[PDB]
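Residue numbers (the authors' numbering), protein chains in the order written: chain C, 10 to 118; chain G, 10 to 118; chain U, 35 to 109; chain D, 30 to 124; chain H, 30 to 124; chain B, 20 to 102; chain F, 20 to 102; chain A, 37 to 133; chain E, 37 to 133.
All C-beta atoms in this analysis are idealised placements derived from N, C-alpha and C, irrespective of residue type, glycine included.
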Amino acid sequence: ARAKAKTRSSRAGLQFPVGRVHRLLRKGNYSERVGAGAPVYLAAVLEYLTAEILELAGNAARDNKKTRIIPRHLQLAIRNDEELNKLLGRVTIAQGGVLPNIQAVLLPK
Amino acid sequence: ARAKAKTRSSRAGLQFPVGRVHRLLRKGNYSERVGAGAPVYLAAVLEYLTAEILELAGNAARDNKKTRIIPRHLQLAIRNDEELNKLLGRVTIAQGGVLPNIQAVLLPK
Amino acid sequence: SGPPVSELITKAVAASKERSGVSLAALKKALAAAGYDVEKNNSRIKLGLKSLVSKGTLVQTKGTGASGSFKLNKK
Amino acid sequence: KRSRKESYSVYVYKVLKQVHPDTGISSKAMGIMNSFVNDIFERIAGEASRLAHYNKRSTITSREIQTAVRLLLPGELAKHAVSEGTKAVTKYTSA
Amino acid sequence: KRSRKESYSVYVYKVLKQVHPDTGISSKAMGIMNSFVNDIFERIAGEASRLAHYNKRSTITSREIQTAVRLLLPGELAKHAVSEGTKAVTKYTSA
Amino acid sequence: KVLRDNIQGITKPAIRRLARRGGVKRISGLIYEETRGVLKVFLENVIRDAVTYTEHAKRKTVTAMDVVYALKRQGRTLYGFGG
Amino acid sequence: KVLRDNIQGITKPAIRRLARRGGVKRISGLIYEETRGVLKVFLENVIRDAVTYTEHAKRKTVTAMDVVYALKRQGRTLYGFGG
Amino acid sequence: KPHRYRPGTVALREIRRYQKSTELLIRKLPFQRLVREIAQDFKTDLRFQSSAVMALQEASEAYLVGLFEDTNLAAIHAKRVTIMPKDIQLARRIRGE
Amino acid sequence: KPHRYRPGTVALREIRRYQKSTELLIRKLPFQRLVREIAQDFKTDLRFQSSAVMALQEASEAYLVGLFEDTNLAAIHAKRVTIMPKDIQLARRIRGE
DNA sequence: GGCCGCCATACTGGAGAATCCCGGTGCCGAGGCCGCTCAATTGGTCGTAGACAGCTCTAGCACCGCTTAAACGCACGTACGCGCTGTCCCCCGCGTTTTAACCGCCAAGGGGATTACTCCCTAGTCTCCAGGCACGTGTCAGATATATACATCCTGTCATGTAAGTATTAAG
DNA sequence: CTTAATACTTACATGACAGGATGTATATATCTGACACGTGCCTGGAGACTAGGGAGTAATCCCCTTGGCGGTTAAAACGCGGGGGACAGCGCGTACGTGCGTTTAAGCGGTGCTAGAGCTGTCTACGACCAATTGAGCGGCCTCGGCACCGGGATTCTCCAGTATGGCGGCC
C-alpha cells in the first residue's frame, strides 16, 4: 500500500536533484547530520545562480548571433558581472578566451 | 586483571599527544575511519616542526640576550627561514613586528 | 600673426637670468604668462630651443639640447 | 556497457530551457557548468562545515547554508538567493 | 565552578626544554604555538580528507598524510619530516 | 551613543607611524584619506563576516574567535587568539 | 629516450601572441627568458603536485583530474576538465 | 642655532625604530569607537570583546603594513620615495581587491 | 613602396585578435615533450593523457594572461609601455611567491 | 629694423588591404530517441541534537577624575616627482626559408579499470588508570629608572680645482 | 705708436677633514608580577575484544596510450629596417619632513551595572538507516542543420600624399 513516490525537487518545484545534493553532502563528510531545509536551500541557491549565468550566456550568444553556448560566451558573461567576477576571480575557464581589455595609454591618439 | 597502559605517544616516544590528535582527526570531519599510522605520522611531523621553530626562537632569544621567547623572536624566526616563510606567507602574528628591512634607495649615499 | 617666437623666447630668458638657468618648464610657463601657446606649438618650441643653442646667442649651461638650464652668451 | 557516471547535464539543460527555450549548448560549456556547480557546491559545503565546527553543531541546517551564502556570495545576488531559497524551502515545507 | 579548556601547552613546553633546557616562555608566544598547531593540523587534515575523497578511500592512513607533507611542506623540511615519520612508524610497530 | 566621524579617529600621525613600520620614507597628503577608505572597506568586510558569525551563533557580543575565522577566511590568518 | 631542451620549444612568437592576449604590445628582449624561467618553475610546482597525486593514486598514467587538483591547490581552480 | 635634522633622517630613524618596535601604533580608544561606529551601521547597539578590538587593531596594522610595503615596492619600481595613491590602487588591483 | 604599418599597429591588431580569439597559442607536441621531459626529471617514464597536456597548456596560458596583465599594470605604473622582467619579478613578489 | 619670402609641421583628402559582412555548402556534434539501472524515496523507527528555560556571575559598558602624550597646527626647510626633450637603443614589421608540427594513417601493447577474493584494520565500548589543565602562589628577569659612552649627523673649517682681466711686449 | 695675444695673478665654488651633542645605546639598582612551579582532579587516553567493513591484491583486457611513416605548410626562425621607447639631466614648484608648544582627550586610575555569555536539565523535534520500488536520468545511437569551412564584396583601417600657418630665414 505504498503511496506514489514523488521527487523533492518537484516538491520544491525545482530542477536540481535535492536527493543527489543531500546524498553528496552526507557522503562528502561535512557534518554528521544534514538539516531538513539545508539541501533544498542549497539546491535553490545553486539553481538561481545557474539560472542567472545561463540567462547571461544565452543573451551573450544571441548578441554574438550564435544559437549555441560556447565558452567564449561564458567568459564574457562571468567577467562582465562584478559580483560573479568577485566570485570567480581566481577561476580558470577552458577555451573561454579573455575580456577585450585594452588600456587607454595602449590606444593611440 | 589488566595490563598497565602506556600512552601511544610514549609508545612512539614522542611528546605530542597521539590520542588527542587522533580524536581531533576523527571528530574533525575528515574521514570516518582513519589509518593507524596517520596520527602518529602527523604528530611526529608537528613535533619536529615545532622543535625546529622552537630551536630557532631559542637561538634568536640568546642573540638578543633574553632568556625567554617573545613573539618578536617568533617573527624573526619565521620571516628569516625561506621554507617556513613559504609555510606562513599569509599568516599574521600578534605583536610580532616585521623584519628590519630598509630598501637600498632609502639609505643615504 | 605678430612677431616670431624667437623674440618671445629671448625675452622670456632675459626676464630672469638666474645663476642656475631657466628650465624648459620655467620658460614655457613664462611664455604662457605672456599668452603665447605652448601646448600645440611645443614642437615649434622643441625645435627652437635647439636651434638657438646651435646658433650661439644662447648657450646651454647644464642640460643637453633643450633640457636643463640655459644662460646668455658671454658678450 | 559501463557503470553510470553521474553528472549535471540534464538539470542544466532544463534550467537553460527555462531561461532560454530558443538556444542550444555545447558539451564543453556543459563541462564548464559542471565544474561551476561542483566548485560552488564544495565551497559552500566546506564553509557550512566550518560553521558547524564553530557552533559545535552535529548538523548542518538551512541556517548554516544561509550563513555560508551570505558569507561567500556577494551582496544583492546573495540576498536574492536567500529570497528564492526561502521561498523554495517554504513551498517545499508546504509539500 | 569552571570548565576545562584544552591547549597544547605542556607538549610545546617539553619540546622547548628538550631543545633548550634554559629558555623561558612568554604566554602569547604560547598562544601563537597553539594557534600554529591548530592551523597546520587543520591544513593537513583537510588535505588528507581531500586525498581520501580523490582516491575514494574512506580511511586516511600514513600514506595520505605523507602525501600531504609532500604537497604542503616545501622540500628539505618535508624530506626530514618523512624521515622522522618513517622512523616513528617503525618504532611504533616495533612497540 | 551614536558615533559619527570616528574614521578621523585613526589619526594621520598614526598612519605615518604605520608607514614607518612599513618602511615608507615619504608619505603624501593624499595617502591618509585613501588609507582610511581602504581600511574602512577592509574592516567592513571583516566585521560583516564576524558579525554574521555572531548572529549565526545567536550571540550579541563580538568574540575574538569570530575575528580569527573572518580574517582567515580572507586569507589573513591571525595567531594567538584561541584559534 | 632523454630530453634536454624543450623549454625553448615554447617559442618566442607564442610568447608574443600570449602577451597580445595579455595586452602587452612591446615585449623586451629580456622578457622571453624570464617567461621561460617562471613558466619553468611554475610547471615543476604543478607537476610535482600532480605526480605526487599520481603515485599516491598508485598509477603510471597521468590524468587531467590530477592537474585540476594540483591547480586548485595553488588557487588556480580550473573550469573545463572536472570529472 | 637649535639642532635640526634633514628630511629623511628622522624618517629613517622612525623607520628603524618602528621596525624594531612591536607595540601598536594606533590610539586604542578612537579605534574602538570606530569599529563600534562601523558595526552600528550594520546592526544596532553591538558590543565588542576588548581583546577582539585589539586583535582587529594589530590585524589592521599588519594588513596596512603589507599594503604599504607593496606600495613602497611599487614606488621604488616607479623610481620614487614619495608614495602616492596610484601605488596603493595598483597594489590592491594586482593583489585582487 | 609597400604599404607598411606603424610599430604597434600590427601588435595592437594582434592584441584585438587574440583577445577575440579563444584558441591555444602553444604548439601541443613540443609542449608535450617539455611536460614529459620535466616529468622524467622527477620520475622516469611517466605516461600522460593528451587532455592533461592541453589542460597544462591552457592553465599556463591563463597564468601568462594574468601575469602580463599585472606586468602591464606595473609597467604603466613604471611609466613604461615596453614591459621588463623587473615588472614580472615585482608582480611575482606582490602576488606572494 | 622692417619687410618680405620659404619650408616644417599640422591638417586633409586619397588608395590598398585585413578583416567584417554577405552568400554557399557539406558535416558531424546536438539533441532527440531508446534501453537500462540505480537512485531517490517513503515510511517506520530508533536513537539522538539542539532549542528552550533558568540562572549566574563576570567582564565589558557607563561614568568620573587627574594628567600629561599626542595631535594639531604652524612654520622653516630641503628634497621630490616629474615634464620635456636628448640621445642612445631596441624590438616589432615584413618578408622569406626551412623544418618539423600537424595530419592522417597504422601496429602494438601498458596499465586503468574492472571483477573477484580474501585479509587487514580500525571504530566503538565498558572500564580503568594516569597525566595535563585549573588554580594558586612566589620569586627573580626584565621593565623601569639613573648615570655614562658612543653615534652621528649636522656643523664648522681649510685646501684645491677651476674661471677670468689686462700687462706687456712683440710684431705690424 | 698702435695693437693684440698670452700668461699670470685674481675670483668662484667645491670637496675634504674635524668636532659636538643629544639621541640612542651602555652600565647599574629596584621590584614585580608573571614565568614558573607545585597541587586537585576528572576527563582523557587507551587494553581487550569484537564487528564488520574497506581495501590490498590477482588478472586481464582492451583501449587508449605509445611507437612509427609519409606530406604540408604552419610555424619557427633569421635578419634589415625603422620608428618608437627608455630613461637620464636638470630645474622647479612644491609638499611634506620636521622642530615645538598646546591641548586635549587618550591614557591611567577608580566605581557601579547589568547584558549577556555561558553552564545545566528537558525533551521534543529531527534526521539518518533500511527494505523495496520505481522513474527519471544516464549509456548508446543516429539523424541534421547550425555550424565548420569556403568564397566574393565593403567597411574600415590606415598609411600616404597635398595644403594653411607659422616659424624660420634673408635684404635694403
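Which residues share a DSSP beta bridge with residue i?
i, result
"residue 94 (chain U)", "U:104"
"residue 81 (chain C)", "Note: residue 81 (chain C) sits in no beta bridge, so no partner."
"residue 54 (chain G)", "Partner(s): none; residue 54 (chain G) has no beta bridge."
"residue 89 (chain D)", "C:43"
"residue 81 (chain B)", "A:84"
"residue 22 (chain G)", "Residue 22 (chain G) is not bridged to any residue."
"residue 129 (chain E)", "Bridge partners of residue 129 (chain E): none, in fact."
"residue 100 (chain C)", "F:96"
"residue 137 (chain E)", "With chain E covering 37 to 133 only, the question about residue 137 (chain E) has no answer from this structure."
"residue 53 (chain D)", "C:77"
Can you tell me which of the options puts its alpha carbon nearest to the alpha carbon of residue i?
i, options, result
"residue 75 (chain E)", "F:78, F:67, F:45", "F:67"
"residue 94 (chain A)", "B:63, B:35, B:98", "B:98"
"residue 76 (chain G)", "H:46, H:39, H:35, H:33", "H:46"
"residue 48 (chain D)", "C:116, C:34, C:60, C:118", "C:60"
"residue 32 (chain G)", "G:65, G:44, G:81", "G:44"
"residue 100 (chain B)", "A:120, A:92, A:123", "A:92"
"residue 53 (chain B)", "A:131, A:52, A:50, A:122", "A:122"
"residue 20 (chain F)", "E:73, E:57, E:56", "E:73"
"residue 101 (chain U)", "U:87, U:109, U:75", "U:87"
"residue 93 (chain H)", "G:96, G:51, G:62", "G:51"
"residue 27 (chain F)", "E:86, E:69, E:37, E:55", "E:69"
"residue 81 (chain G)", "H:61, H:36, H:31", "H:61"
Are residue i and residue j closer than 8 Å when you measure CB to CB?
i, j, result
"residue 41 (chain D)", "residue 59 (chain D)", "yes"
"residue 119 (chain H)", "residue 70 (chain G)", "no"
"residue 50 (chain B)", "residue 66 (chain A)", "no"
"residue 42 (chain E)", "residue 57 (chain F)", "no"
"residue 117 (chain H)", "residue 39 (chain G)", "no"
"residue 101 (chain G)", "residue 95 (chain B)", "yes"
"residue 108 (chain A)", "residue 102 (chain B)", "no"
"residue 107 (chain C)", "residue 117 (chain E)", "no"
"residue 130 (chain E)", "residue 124 (chain A)", "no"
"residue 24 (chain C)", "residue 56 (chain C)", "yes"
"residue 42 (chain C)", "residue 87 (chain D)", "yes"
With 16 as the cutoff for other CB atoms within 10 Å, does residue i come out buried or exposed?
i, result
"residue 46 (chain G)", "buried"
"residue 82 (chain F)", "buried"
"residue 30 (chain C)", "buried"
"residue 48 (chain C)", "buried"
"residue 50 (chain H)", "exposed"
"residue 60 (chain B)", "exposed"
"residue 113 (chain C)", "exposed"
"residue 46 (chain A)", "exposed"
"residue 107 (chain U)", "exposed"
"residue 74 (chain G)", "exposed"
"residue 91 (chain B)", "buried"
Touching by the beta-carbon criterion (3+ pairs, under 8 Å), the region 42-59 of chain U and the region 97-109 of chain H: Taking 8 Å as the limit for Cβ pairs, the verdict is that the region 97-109 of chain H does not touch the region 42-59 of chain U.
Inter-stretch contact at 8 Å, needing at least 3 Cβ pairs: the region 57-65 of chain E / the region 80-96 of chain B: Two segments are said to touch when three or more pairs of C-beta atoms, one from each, lie closer than 8 Å; by this definition the region 57-65 of chain E does not touch the region 80-96 of chain B.
contact_flag[the region 71-89 of chain G, the region 76-83 of chain A] where n(CB pairs < 8 Å) is 3 or more: As far as the Cβ criterion goes, the region 71-89 of chain G does not touch the region 76-83 of chain A, which means the pair count is below three.
contact_flag[the region 38-56 of chain U, the region 68-83 of chain U] where n(CB pairs < 8 Å) is 3 or more: Between the region 38-56 of chain U and the region 68-83 of chain U there are three or more C-beta pairs closer than 8 Å, enough to call the two in contact.
Given 8 Å, three or more beta-carbon pairs between the region 15-24 of chain G and the region 95-111 of chain C: Contact fails between the region 15-24 of chain G and the region 95-111 of chain C, because fewer than three Cβ pairs, one in each stretch, are under 8 Å apart.
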